[PDB]
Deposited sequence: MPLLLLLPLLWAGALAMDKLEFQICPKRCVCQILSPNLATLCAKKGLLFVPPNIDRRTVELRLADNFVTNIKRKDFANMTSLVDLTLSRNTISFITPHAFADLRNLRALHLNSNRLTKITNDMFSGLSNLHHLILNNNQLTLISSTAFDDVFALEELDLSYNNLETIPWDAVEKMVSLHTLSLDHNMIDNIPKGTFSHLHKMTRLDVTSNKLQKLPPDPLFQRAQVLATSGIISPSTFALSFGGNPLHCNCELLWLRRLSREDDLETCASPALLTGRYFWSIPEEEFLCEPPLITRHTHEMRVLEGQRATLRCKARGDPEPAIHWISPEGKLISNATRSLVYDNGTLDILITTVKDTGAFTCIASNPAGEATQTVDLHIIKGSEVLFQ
């Protein structure tokens, strides 16, 4: 009568004790859960908040189920004492953000399931303690990015599911360190490009920008999962097609009218250049390169020192090539 809460069913076999509370119409975690429990099933319930005291001394706890719940909040160090937790199920809940201290102390955690959650953000340090992970399920969320750097340190990781979210891009470093990697799912995300990395990848629901940039993936010999394009004259055609897949090199449409300038003025020289992909505007002083500047492609430096009031050159550049245009100063 003491080892099992009145709402729960639970069985003992040899050393192991399981606690089964799934589909009990529970509103919170029963506190009478024996701290010797190895298995905890709390799925199909209605818990909204995880207090600290809920899993205070579950040293023996290996598997936890909190699937299909109404969870919106988890106390900062609720999972801290779970040094043995191998798998944690938090799928089908109402969590909006993964906090920094949420998954602290989960060194043995190999399976993290957070699919079907309303996730927008993840605090960067959130995945620093779960470095052991084999499976990371972040599908069916509103994510634009995940802590990519923290992931590079999951060296035993084999599945990273990111399907049905809004991921803009994947950094080029990516999974170089993850050698045991098997599956990567990026279907149904707002992705225009994919980084040229050395290769099971699924990416069929993305608004692909088909440039000479996404050519490496076209050159590859893989199955058609109905990938479709959103580039200029390719806005509808199924991706796996004829390679003419061409870029528009940089071209300076607008440039600063030749100006004499004045002493003691923060001179602004705008450089407009069109291309596919958008060119990187770089600035050059008369006989010397520059490193202030603006993302758009404009230069601004205070007092306009007469020491360097010569021919200023603006360089537009993308993989298709370069473009040059000069602007006066006297």
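Trainee: Quickly check which stretches of the deposited sequence aren't in the model, judged by C-alpha, and list them in order.
Mentor: Coordinates drop out over 1 to 21, 221 to 238, 284 to 286, 334 to 339, 379 to 388.
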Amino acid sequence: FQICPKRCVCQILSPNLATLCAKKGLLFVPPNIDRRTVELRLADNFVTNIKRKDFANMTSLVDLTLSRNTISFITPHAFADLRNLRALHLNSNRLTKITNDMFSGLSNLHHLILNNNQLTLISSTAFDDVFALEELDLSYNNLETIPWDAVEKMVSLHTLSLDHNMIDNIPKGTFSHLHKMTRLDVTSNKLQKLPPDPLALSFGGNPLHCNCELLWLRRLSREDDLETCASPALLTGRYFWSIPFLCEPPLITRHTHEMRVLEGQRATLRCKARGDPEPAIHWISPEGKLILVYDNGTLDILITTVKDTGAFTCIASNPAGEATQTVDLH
From here on, numbers count along this sequence of modelled residues.
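Trainee: Where do the C-alpha atoms have the higher mean temperature factor in this entry, in 216 to 224 or in 255 to 263?
Mentor: Per the deposited B-factors, the answer is 255 to 263.
Trainee: As stated in the PDB record, which stretch has the larger average Cα B-factor, 94 to 102 or 245 to 253?
Mentor: Higher mean C-alpha B-factor: 245 to 253.
Trainee: Tell me which of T48, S67, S285, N32 tops the list for C-alpha B factor in the record.
Mentor: Among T48, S67, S285, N32, the highest C-alpha B-factor in the entry belongs to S285.
Trainee: Quick one: which of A43, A273, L27, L40 shows the highest Cα temperature factor in the PDB entry?
Mentor: When the deposited C-alpha B-factors of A43, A273, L27, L40 are compared, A273 is largest.
Trainee: Which third of the chain does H77 land in by C-alpha B-factor: lowest, middle or highest?
Mentor: Middle third - that is where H77 ends up once the chain's C-alpha B-factors are sorted.
Trainee: Consider only the C-alpha atoms of the modelled residues in this chain, order them by B-factor as the entry records it, and name the third containing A22: lowest, middle or highest.
Mentor: For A22, whose C-alpha B-factor we compare with every modelled residue in the chain, the answer is the lowest third.
Trainee: When the deposited Cα B-factors of this chain's modelled residues are ordered and cut into thirds, is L199 in the lowest, the middle or the highest one?
Mentor: For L199, the deposited C-alpha B-factor lands in the highest third.
Trainee: Comparing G205 with the other modelled residues of its chain, is its CA B-factor in the lowest, middle or highest third?
Mentor: Lowest third of the chain for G205's C-alpha B-factor.
Trainee: Report the third (lowest, middle or highest) to which the CA temperature factor of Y140 belongs, ranking only the modelled residues of the same chain.
Mentor: As the PDB entry reports it, the C-alpha B-factor of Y140 lands in the lowest third of its chain.
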